[PDB]
Amino acid sequence: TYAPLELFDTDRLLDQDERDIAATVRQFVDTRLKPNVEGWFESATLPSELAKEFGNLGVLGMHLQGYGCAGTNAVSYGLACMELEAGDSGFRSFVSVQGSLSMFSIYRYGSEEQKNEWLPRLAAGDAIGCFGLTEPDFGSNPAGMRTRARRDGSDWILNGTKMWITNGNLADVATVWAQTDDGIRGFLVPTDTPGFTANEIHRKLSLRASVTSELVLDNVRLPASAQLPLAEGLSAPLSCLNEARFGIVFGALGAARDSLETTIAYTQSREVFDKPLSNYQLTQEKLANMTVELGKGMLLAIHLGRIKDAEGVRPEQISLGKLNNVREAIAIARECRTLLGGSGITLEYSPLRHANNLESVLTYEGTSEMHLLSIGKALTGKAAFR
Amino acid sequence: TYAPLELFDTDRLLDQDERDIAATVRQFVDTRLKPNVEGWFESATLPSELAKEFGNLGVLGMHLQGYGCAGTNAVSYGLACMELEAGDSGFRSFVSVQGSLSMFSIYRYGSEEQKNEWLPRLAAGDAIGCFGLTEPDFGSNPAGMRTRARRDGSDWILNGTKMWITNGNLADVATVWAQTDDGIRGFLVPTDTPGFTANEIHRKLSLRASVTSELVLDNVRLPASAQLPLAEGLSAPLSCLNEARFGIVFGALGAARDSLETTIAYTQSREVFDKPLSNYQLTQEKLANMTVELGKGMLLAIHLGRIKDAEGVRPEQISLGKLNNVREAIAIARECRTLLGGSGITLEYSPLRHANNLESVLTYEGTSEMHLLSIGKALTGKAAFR
Amino acid sequence: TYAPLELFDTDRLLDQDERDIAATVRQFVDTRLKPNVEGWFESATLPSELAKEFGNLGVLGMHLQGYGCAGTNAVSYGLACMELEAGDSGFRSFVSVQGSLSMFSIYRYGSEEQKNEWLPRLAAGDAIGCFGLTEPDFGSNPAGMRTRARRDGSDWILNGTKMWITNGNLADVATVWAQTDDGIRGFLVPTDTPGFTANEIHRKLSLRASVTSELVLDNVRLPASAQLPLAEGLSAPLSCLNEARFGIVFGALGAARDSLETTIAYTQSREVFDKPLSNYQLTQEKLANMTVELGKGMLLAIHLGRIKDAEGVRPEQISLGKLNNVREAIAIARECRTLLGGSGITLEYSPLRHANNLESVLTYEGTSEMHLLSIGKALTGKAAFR
Amino acid sequence: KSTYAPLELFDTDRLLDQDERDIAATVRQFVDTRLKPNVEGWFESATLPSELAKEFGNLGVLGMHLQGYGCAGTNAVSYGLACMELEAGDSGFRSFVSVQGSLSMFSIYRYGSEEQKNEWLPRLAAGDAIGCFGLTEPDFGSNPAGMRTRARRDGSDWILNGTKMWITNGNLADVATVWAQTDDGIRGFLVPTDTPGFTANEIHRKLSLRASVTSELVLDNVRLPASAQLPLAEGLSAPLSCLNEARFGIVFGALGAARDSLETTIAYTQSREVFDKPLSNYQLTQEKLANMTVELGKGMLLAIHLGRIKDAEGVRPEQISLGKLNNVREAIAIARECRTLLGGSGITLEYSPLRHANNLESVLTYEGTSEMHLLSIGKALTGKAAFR
Ligand SMILES: Cc1cc2c(cc1C)N(C[C@H](O)[C@H](O)[C@H](O)COP(=O)(O)OP(=O)(O)OC[C@H]1O[C@@H](n3cnc4c(N)ncnc43)[C@H](O)[C@@H]1O)c1[nH]c(=O)[nH]c(=O)c1N2
Ligand SMILES: Cc1cc2c(cc1C)N(C[C@H](O)[C@H](O)[C@H](O)COP(=O)(O)OP(=O)(O)OC[C@H]1O[C@@H](n3cnc4c(N)ncnc43)[C@H](O)[C@@H]1O)c1[nH]c(=O)[nH]c(=O)c1N2
Ligand SMILES: Cc1cc2c(cc1C)N(C[C@H](O)[C@H](O)[C@H](O)COP(=O)(O)OP(=O)(O)OC[C@H]1O[C@@H](n3cnc4c(N)ncnc43)[C@H](O)[C@@H]1O)c1[nH]c(=O)[nH]c(=O)c1N2
Ligand SMILES: Cc1cc2c(cc1C)N(C[C@H](O)[C@H](O)[C@H](O)COP(=O)(O)OP(=O)(O)OC[C@H]1O[C@@H](n3cnc4c(N)ncnc43)[C@H](O)[C@@H]1O)c1[nH]c(=O)[nH]c(=O)c1N2
C-alpha cells in the first residue's frame, strides 16, 4: 500500500536536506505537540512557552539569513509549515506570524538598530512578535484602514484599533500599520507602551489553540526611531503577507494529509457489515478523490517554492496556491469526518478540528474570493474587485 | 425584498394553525433559548430544566394522541422541529429523542402499564427518556448489535454497551435494544437500576449544547414486565427512527434558514470596497444558490409531511428528505460562514455552530450513505449495503 | 422497484385530468416521434409536417382560451412540455415557440383582426410562427437591441437582424421586436414581405432536430396595422418569455427523466464483473443522487404551476425553476452517459443527445447567470447585472 | 505584462527544455495550419481522411517514443506534449496517434518476433500502413479478463472466432492486434485485415469522436499461421501494458482540449460586450476563468510529473491512473463550462468547446473508465480490491 503522497511520489522532487527538515519537524510535532493538542484546543490555549520550543527547533524566521536564523530555502520553510499544520493550524499560525510577518517586516523594512534589537530574540523565541494590519471595518480592503499616526515634534502619536491579531496578547513587539499624512507607514510598537492594550478574543470555534486579539491604541506615543524606515504604502504590508501566504500554500496540505492518513487508518480498523470500511466502493471513491487533490496541491506548492527560490514568485502565482490548497484542504478534512461517523465529532481524530481551523485559513491572508479575483485580473487585465 | 422561503412562497402550502405553531415555537426559541445558546455551546451543556419548558410549550410527543400529548398532525411536528433547530440542533435533538424515540417506543410497543406510567410524565417534561440502539462497534448496522438479554427464570439480565446516546446521563428511563435467543427485543430500563451506568461524552466539537452518553449495562437484572411486549426484530427500533428522521427532514432546514437569513442581513450591513457586500455578483451567486436549495428542501419536507398525514410515509421516501435536507443544510451553513469572514469564526453568528452541529445530524439516524443506498435499493431492487 | 418520480409520488399532486394529459402526450411521443428522432438529429431536420401532428394533438397554444386552443391550466401545459422534451428538446422548443412566444404575443398584445387571422391556423399547426427578439450583438441584454422601426406616413419600416430564431425559416409570421422613437414595440411580419429574409443555421451540435435561423430585415415596409397594438416596452417580450420559461421549467425535467429511466434500465441489463451494473455502490450513488434532483425539480415545477394558475407567478419565482431545473437536468443527462460507457456515445440511448440539447436550454430564455442574478436582486434589493 | 495565458500564469514552460518546447510548437503549428481549417467539416461529416496517416508519419509522431524502425526516439515528455497539441486540435487526431503508436506499434515492438517488427514497424512509423488494437468486445470493456474471442489450435495453425467493438481505425487498418482467450490464457495475434473471415464494420451516428474511424470487428473462422501469434504476450498483462502507454499520452492529450477550449473562451470574453462592458470584466466570468485555469495548471503539473517519472525509473499503473482520472474529468468540466460563457454562439462548430466536450465523453470512458481508475487508486491506498 501507498500513503497518498507516496502514490504521487512527491518526495522525488525534494533533496535529502529538505526531506530531513520535514522529518525533523514531523517528529517534533508528534512528540512535543500532538500529545497536548486536544486539551489545548478544548481549553482554548496555546502556551507562550512553545515560543522557545519553536525557537530551539529552528523554525522561527527559518527562511531569513542571519541573526541566528536557519537560512533555509523557501521549499524547506514550506515543508516545515506543512508539518506544523499537520499538528494544528495554530502551530503554523504562530510561526507564520513570528517569521514571515513580524521578523520579515523588520528584516526587510527596518533600520539596523531595529534588526539588531529584535531579530536574534525573535529567532530564538525569547521575544514574540505580532502584525497589526486588519481592523474591525477593513480586512479584505486594508487600503481603507483608519488607524492613524500623527507627528508631535519628532514623536509619533498612534490612534486606532486592529482586530483578529494573532499573538497580540503574547507579543513583546507589534508591527502596526497606520495611515499618515504621506501614506501608509509601519511602526514597531513595544506592547508595554502606555495607551497600547491587547484584549484576547474568546469563544472561537476555529483556531482555539492560538492567541487572537484586539489591539487598541489610545494616544500611543513613539519616538521617530519606531517607524520602519523603508516601508511606504500598502506594498509593504502586502509583501509580508506574500511571505506568509507562501507558507500557508504548504501548511494547508499538512492539515489535509493528517486528516486523510488518520482517516485511511480508521477505515482499515473499522468493520461495517462484516467487512473493513476500506473495502467498500463508496469509501474508496472518497479516499481516491481526496488523494488526487492532496497530490495536485503538493505538486503546486513545490512548483511555487522552486520559482520562489529562483527569481521570486509573483503575488498572483501565490494566489493559485492559496486559493487552491486551502479550499481543497478544508474539503478533504470535512469529507474525512464523514467516514469516521460518530467518532469523528470529538477531538479524538483530527479531521473536525482541522476543518474548523481551516475556516480561519480560508479567510485570512486574503480570502478565497480575493485570490480568485487576483487570478482573474492576471488572466484578463481587468480588476473586478470594485 | 424577499426572505428565501418567501420567494418560494412555501407559506401558501401551510394552514393557519401550522403557521401559528411555527411562529409560536420561533418566538419561544428567540426569547428563551437564543440569549443562552452561545454560552451553552461553549460550556457544553444543555440544562435539564429545559425539559419542563419544552413540555409546557407542548412539543414533547406532540404528534402522539392521548397521555397529555398535543395530538398535532405531522406537518406541525415538522415545523416545530424546524424552529427548534433554527435555534440549535441540540434543542431539536432533545425533542426528537423525547418524543419520536423514547415516547414512541413506549406508545407503539409498550404495555398499558408502561404507557400509563411514563407517557404523561414524558409529555410534560417531568421525566426524560433516552433510546439506546447504537453500540461502539455497530451504528449503521444495528442488525449486528451484541448487547444481549438472557432469561433467568421470568427475569432478564442485560449485558452490553450503548454509545452516542442522547440524554443518557439525564434520563429517568432508557429504551434499550438487545439481541435475544429469539431475535431483537426492547426493554425499559430505569436508569438507577444496579449495573446501569451512563458516562457523559466530552470534547465534542458538534452538538455541544446536548447531552450524549455511553451506557454500560453490566448484568442489569429486570423483571419480565420491563420488556416492551410488542417489539420484535429490528423493525421495532427502525419504526422509531423513521418517526425521528421525519422530524430531522424539517429540522435541518431550520439550521439552514437561520444561517442564511443571518448571513443575508450581514451582507446588507457589511461594506467592502465602498459598497454593501450584498451588491457583488459573487455574493449574490452564493445567496441565490443557497436559497434554491433551502426552498427545494422545504417543498420536499412539506411533501413528505402531507404524505405521512394522509397515508403514512415509507422509509425510502423519508430517506429522500433525510439525505437531501441534511447535506444541503450543512453546505448552506458552511458557505454562509465564508461570507462572514473573520467574524464568522466565533459563536457571534450562527453559521459555524450550525455547520458543526449538522456534522452529527448528517451521521445519526442513518448516515447519508445509508439513505443513499436505501434509495438505490428502491430504484433497482438490489441491496448494495453488503 | 420504483421509477424515480414514483418514489417521490409526485402523481399525488396532480388530478386525473392532468395525469391523463401527461399519458396522452407520452404515448404520442413514443409512437410518432421516438422511432424517428435519431435520424432527425443526425440529419439535422425536424419535418415541418410535425406542426400539424402537434396541432391535432392539441398542444399548440394549449394554455390559451378560444381560437381552437385547448384552454388547459398551466400545470397541464407544463406536463405536456415535460413529455415533449422527454422525446427531444427540439419537439418542446417547437411547441414553446408556437404557443408561448408566437401565439401568446398575438393573443396578449395583438388586435382582434390579428388574432382571428393567425390564432386558429397556429393552433391547428396549419401556420407556423416565430419570435425575433435576440440579435447577434444582444441576447442577455435585449434592452440594448438595435433593430429599428420608423414611420413613413402611416407605414412602419423595420431594419435590423435577429439571430438564433427558432422556426425562422419555417414561419409564416414573425413577431419582431424593435426599438422606436417612443420605445420598444412589436410587429407581426409576414415572412414573404419584401426585405425579409430567413437564413438557416447549420453545424449545430445542440438542437439539431430543430430549425434555427438568422432573420435579416432590410427596410421591411409594413402597414400601421402590422403593429401589435398593446405592446409597449421591454415588458411585452419579457411577458412572452415568462410564459415559455414556465414550460421549460417542466420540459427540462422530461429530458432528465428520459435519460435517467433509460439509464436505470441499462444498468439492470448490463453485466460487469459477473453482476448487473445496478448492483454496485458507485452505480447506486449516481442513480440516487440523480433521482433526488429530478424529484426536487418536479416538486418545484408543480408548485410554480399551482401559483401560476392561482394569482400568477412572478418572474423571479419562474427564475428559481428555470435556473434549477435546466442546470440539474443537464447534470443528470451527462452523469447518465457515464453509466452507459461506450454505447452512450451514439444516438442509440438518449442521454448524450439530451445533454447536448440542454446546452441550448441552459442559455436561451435567460441564461443561468441571468436567472441567478434575478434571484439575487429579489433577495437583496440590489441589481448586480451591471 | 498586463495578461497571462492560463499556463503562462503557472509558468509550466520553465519545467520543459528547449527541445521539448520546440516539439510542442512544431506540432501546434501543424495542427493550426493543416488540421484546424478542416476540422469543422470533418466532424460534421463524420470523417477523418486516411491520408492523414502519412502526414502524421512525416511529422514524426507515429511511434515517436519508440527506438529504431524509423521512429523518432523522443523521450516520454515529448510524446506527451505532441499528444497535447494534437488533442487541442481534436481528440480524433490524438486518438489516431494513440492507436497507431502506443497500442498497435507498441504491441509488436514489445511482444512481437523480429519478423513481425521488420514487416510492420517501419511502415507503421511512416504512416504507410495503419494498425488497430482489438481488445474490447460488445459484452466486455471495463472487464477484459472476461473476453470471449477465442483462438484454438489446429495443428501448428490457429483459428480465431469472436467480435471486437469500439475499435479505432478498424476499417482503415492493414493489421489488427487481436486479443483472444486460449486454453492456456489470453494471447495476442497479428491479423492482416484481408484475411478471409475478418470483417470491419464502421460505427456511425456517434455524437463523440465523429472525426475518427471506430469499428466493429467480426472474426468468423479466421485461420492464421503459428507465426501470427505475438510470441511474448501472455495474459492480460500484455494488452494492459499497451493501454498503460496510451493512457500516458491521454494524460497530456486531455489538457490540450482543455487549453484550446479555455484560451478560445478567454478571447471571446474579451471581445464580447454585455451590458456595455466586455464579458471578461464581470465577477461571474472571472470566477469561471480562474477556477478553470487552476485545474488546467494543476493537470499540467501532474502530466509533467508523470512524464519525468516515466523517463526515469518508470511510472506504475496506479500513478498513471492519477493522471487519467484527473486530467480527463477536469478537461471535460473545463470544456463544458467554457461553452456556457459563449452563449448561443457556443452551440455550433464555430468555437471548439462543445466539440471538445463531446469528444472527451469517449476519452473519459476509454482506456479505463473514470471509475476503473478511481478504484485502482483505491486499491493502491488500501490494499483491498473493490471492483467486485
Ligand atoms: C483567527 C484569525 C487570525 C488572523 C486573522 C483572522 C482570523 C479569523 N486576520 C484577519 C484576516 O486577514 C481577515 O479576517 C481577512 O482579511 C478577511 O477580512 P474580514 O474578516 O474583514 O472580511 P471582509 O469583511 O473583508 O469580507 C467578507 C466577505 O466578503 C467577501 N468580499 C470582500 N470583498 C469582496 C469583493 N470586492 N467582491 C466580492 N466579495 C468580496 C470576502 O471574500 C468574504 O467572503 C489577521 N489580520 C491581521 O492583520 N493579523 C493577523 O495576525 C491576523 N490573524
Ligand atoms: C451526537 C450524536 C448523537 C446520537 C448519535 C450519534 C451522534 C454523533 N447516535 C449514533 C448514530 O446513529 C451513529 O453515529 C450512526 O448510526 C452512524 O454509526 P457509526 O458512528 O457507528 O458509523 P459507522 O462506523 O457505522 O459508519 C462509518 C462510515 O462508514 C459508512 N458506511 C457504513 N456502512 C457502509 C457500507 N455498507 N457501505 C459504505 N459505507 C458504509 C458510513 O456512512 C460512515 O460514513 C445515536 N444512537 C442511538 O442509538 N441513540 C441516540 O440517541 C443517538 N444520538
Ligand atoms: C438553439 C437556440 C434557439 C434560440 C435561442 C438560442 C439558441 C442557442 N435564442 C437566443 C437566446 O435567447 C440567447 O442565446 C440567450 O439570450 C443568450 O444570449 P447570447 O447568446 O447573446 O449570450 P450573451 O452574449 O448575452 O451571454 C454570454 C455569456 O455571458 C453571460 N453574461 C451576460 N451578461 C452578464 C452579466 N451582466 N454578468 C455576468 N455574466 C453575464 C451569460 O450568462 C453567458 O454565459 C432565441 N432568441 C429569440 O429571440 N428567439 C428564439 O426563438 C430563440 N431560440
Ligand atoms: C470512440 C471509442 C473508441 C474506443 C473505445 C471506445 C470508444 C467509445 N474503446 C472501448 C473502451 O475501452 C470501452 O468503451 C471502455 O473500456 C469501457 O467499456 P464499456 O463501454 O464496455 O463499458 P462497461 O459496460 O464496462 O461500463 C459501463 C459503466 O459501468 C461502470 N463499471 C464497470 N465496472 C464497474 C464496477 N466493477 N463497479 C462500478 N462501476 C463499474 C463503468 O465505469 C461505466 O461507467 C476501444 N477499445 C479497444 O479495444 N480498442 C479501441 O481502439 C478502442 N477505442
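Every residue, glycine as well, gets a Cβ built from its backbone with ideal geometry; the counts of neighbours run over all protein chains shown. All of this is worked out from the model, or read from it or from the source named; these are not laboratory values.
Yes or no: residue A:320 within 15 Å of ligand 2 (Cβ to nearest atom) and within 19 Å of the chain's Cα centre (by Cα)? It is false that residue A:320 is within 15 Å of ligand 2 (Cβ to nearest atom) and within 19 Å of the chain's Cα centre (by Cα). Candidates C:151, C:121: the one that is away from ligand 3 (no atom under 16 Å from the Cβ) and under 15 Å from residue C:185 (Cα atoms) is C:151.
Look through D:80, D:68 and report the one residue that is at positive phi and either within 16 Å of ligand 1 (Cβ to nearest atom) or away from chain C (no Cβ under 14 Å) (or both).
D:68
Of the strands (runs of 3 or more DSSP E) lying entirely inside region D:107-191, the ones with 1 or more residues being touching a strand residue (DSSP E or B) at 6+ places or on another chain (Cβ under 6 Å) and either closer than 29 Å to residue D:51 by Cα or within 16 Å of ligand 1 (Cβ to nearest atom) (or both) are found at D:131-134, D:157-168, D:175-180.
Looking at region B:299-329, which of its residues are farther than 24 Å from residue B:381 by Cβ and surrounded by fewer than 24 Cβ atoms within 10 Å (Cβ to Cβ)? B:299, B:302, B:306, B:308, B:309, B:310, B:327, B:328, listed by residue number.
The helices (runs of 4 or more DSSP H) falling completely within region B:292-386 that include 2 or more residues that are away from chain C (no Cβ under 12 Å) and without any contact (Cβ under 8 Å) to a residue 60 or more places away in the chain map to B:315-340, B:351-363. Just to verify a result, which residue in region D:24-43, among those that are of a type in the set (S, T, N, Q) and in a helix (DSSP H, G or I), is farthest from residue D:75 (Cα to Cα)? Filtering region D:24-43 for residues that are of a type in the set (S, T, N, Q) and in a helix (DSSP H, G or I), the one farthest from residue D:75 (Cα to Cα) comes out as D:33. When the residues of region A:258-290 are narrowed to those that are more than 18 Å from residue D:385 (Cβ to Cβ) and buried (at least 24 other Cβ atoms within 10 Å of the Cβ), which ends up farthest from the other protein chains (Cβ to nearest Cβ)? Ranking the qualifying residues of region A:258-290, first place goes to A:258. Looking only at residues of region A:136-177 that are within 11 Å of chain B (Cβ to nearest Cβ) and in contact with a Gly (Cβ under 8 Å, 6 or more places away or on another chain), we find that the one that is surrounded by the fewest Cβ atoms within 10 Å (Cβ to Cβ) is A:137. Within region D:201-215, restricting attention to residues that are free of Cβ contacts under 8 Å to residues at least 60 places away in the same chain and more than 9 Å from chain C (Cβ to nearest Cβ), the residue that is nearest to ligand 4 (Cβ to nearest atom) is D:202.
If you check residue B:46 against the conditions, is it outside any helix (DSSP H, G or I) and either more than 12 Å from every other protein chain (Cβ to nearest Cβ) or buried (at least 17 other Cβ atoms within 10 Å of the Cβ) (or both)? It is true that residue B:46 is outside any helix (DSSP H, G or I) and either more than 12 Å from every other protein chain (Cβ to nearest Cβ) or buried (at least 17 other Cβ atoms within 10 Å of the Cβ) (or both). Residue A:198 satisfies every condition listed in (1) within 15 Å of ligand 1 (Cβ to nearest atom); (2) crowded, with 22+ Cβ neighbours inside 10 Å; (3) among the aliphatic types (A, V, I, L, M) except (2). Scan region C:204-229 for residues that are charged (D, E, K, R) and outside any strand (DSSP E or B) and the total you get is 1. Restricting B:342, B:295 to residues that are more than 16 Å from ligand 4 (Cβ to nearest atom) and in contact with a strand residue (DSSP E or B) (Cβ under 7 Å, 6 or more places away or on another chain) narrows the list to B:342.
When you look at residue D:201, is it in a strand (DSSP E or B), more than 22 Å from the chain's Cα centre (by Cα) and not charged (D, E, K, R), yes or no? Step through it out loud before you land on a result.
Numbers: in a strand (DSSP E or B): yes; more than 22 Å from the chain's Cα centre (by Cα): no; not charged (D, E, K, R): yes.
It is false that residue D:201 is in a strand (DSSP E or B), more than 22 Å from the chain's Cα centre (by Cα) and not charged (D, E, K, R).
Look at residue D:199 and say whether it is within 12 Å of residue D:218 (Cβ to Cβ) and of a type in the set (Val, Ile, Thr). Judged against the criteria, residue D:199 is a match. Is it the case that region A:306-320 has a residue that's outside the structural domain of residue A:205 (by CATH) and within 30 Å of residue B:165 (Cα to Cα)? No, region A:306-320 has no match at all.
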